[PDB]
């Protein structure tokens, strides 16, 4: 049963928060041996938080909006008393975190109940959650296939029914990709909306944080709970709260909605195109629109990511290169060796790019693209082919996500189920101008109401 029903069951007294917690714990116990989404279970904490909700309810209090809702978080998020792994072996010996990540604090204040931490590609550098140290996370819809990444555990935990809400990070696609491949909902908010404080970073210039969920209501509820300024967070630009929940069902009448072409069709396979097509038809979108400099946008993001990510880890690459993830360590090293001219040109190009994307959205409210070029490939896949072009599997999963995060535009990834496709899901990106998260969510809600976007529960 989904987020909204869980919340209502506790709120109305038909079930206790504690019982809902014990069910999720049992489900994780019975399923995670195979799925491998969790790297730690905060059992004692979850039971205490759930009991605390039951006590508030018994006292007659008005319960907060996520009261008793179970969740879990990508293990780059600080959890009080737990060592933040960020998918690494290297971090195991660091001191446990003194406090929760700010977003975890805000979910807690909203009454949500924390079940633990989730597997990821090491240090966030990847799109497949094939972690050499911790094992791959497996796609619940077909356990020989990848969950996507780097927030693989965040996607897989929801698709397996372990929890209804999770948190992930997205720099070049790492929320949108696992949402797409696992068939669940994802929201990458505007760059600078949600506080990054108390998280292990990857690329200072591009990291975003945000929720995945079992429904679009879950996205909106978790997003509103986490909203607000944080003056101690260098990357935060949001000066006030702009609630999405009260207008979630307002619809799309009168909005200008377009379908992205060029880059976003050339790097889309047959299933991806079919998903966009049906989402476009349902949303009344028929004009094909070109995104400015999409390929160059990807290139600049790619350049800045590798140098910032790589250099962040320079001291460790010098002294303990062998303790890094073998699938990405050489990518980090390539990043450190990139000429400084590449970095500076990419940063200068980003100004031009920002001007062009903001100008594009003076004419459009929502733009539609596929989230991944294909559905989930088999674990261990080295190469994929997209419309007759070979790409390495691991970078290529983000071809369609990478340009959009570079401009910082909010995106909802809506889960769809196209027909020529072995029963596997693929997601669609609903993209809006900076600060227009509620338009993304309004569009997702229309997709959900019609049965086009859904989970296979």
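Residue numbers count along the first chain shown, from 1.
Can you tell me whether 112-120 has a higher mean C-alpha B factor than 378-386 in this record, or the other way round?
Higher mean C-alpha B-factor in the PDB entry: 378-386.
Between 407-415 and 53-61, which has the larger average Cα B-factor in the PDB entry?
Per the PDB entry, the higher value belongs to 53-61.
Maximum C-alpha temperature factor, selected from 158, 275, 103, 203:
Highest CA B-factor of the listed options: 275.
Can you pull the Cα B-factors for 238, 209, 294, 311 from the entry and say which is highest?
That would be 238.
Modelled-residue ranking by C-alpha temperature factor, third containing residue 67
As the PDB entry reports it, the C-alpha B-factor of residue 67 lands in the lowest third of its chain.
Residue 305, C-alpha B-factor rank within chain (lowest, middle or highest third)
Lowest third.
Based on the entry's values, in what third of the chain does the Cα temperature factor of residue 264 lie: lowest, middle or highest?
CA B-factor rank for residue 264: highest third.
Sorting the chain's CA B-factors, does residue 78 end up in the lowest, middle or highest third?
According to the entry, residue 78 has a C-alpha B-factor in the chain's lowest third.
Within this chain's modelled residues, let me know which third the CA B factor of residue 27 belongs to: lowest, middle or highest.
Its C-alpha B-factor, which the entry lists for residue 27, ranks in the middle third among residues of this chain.
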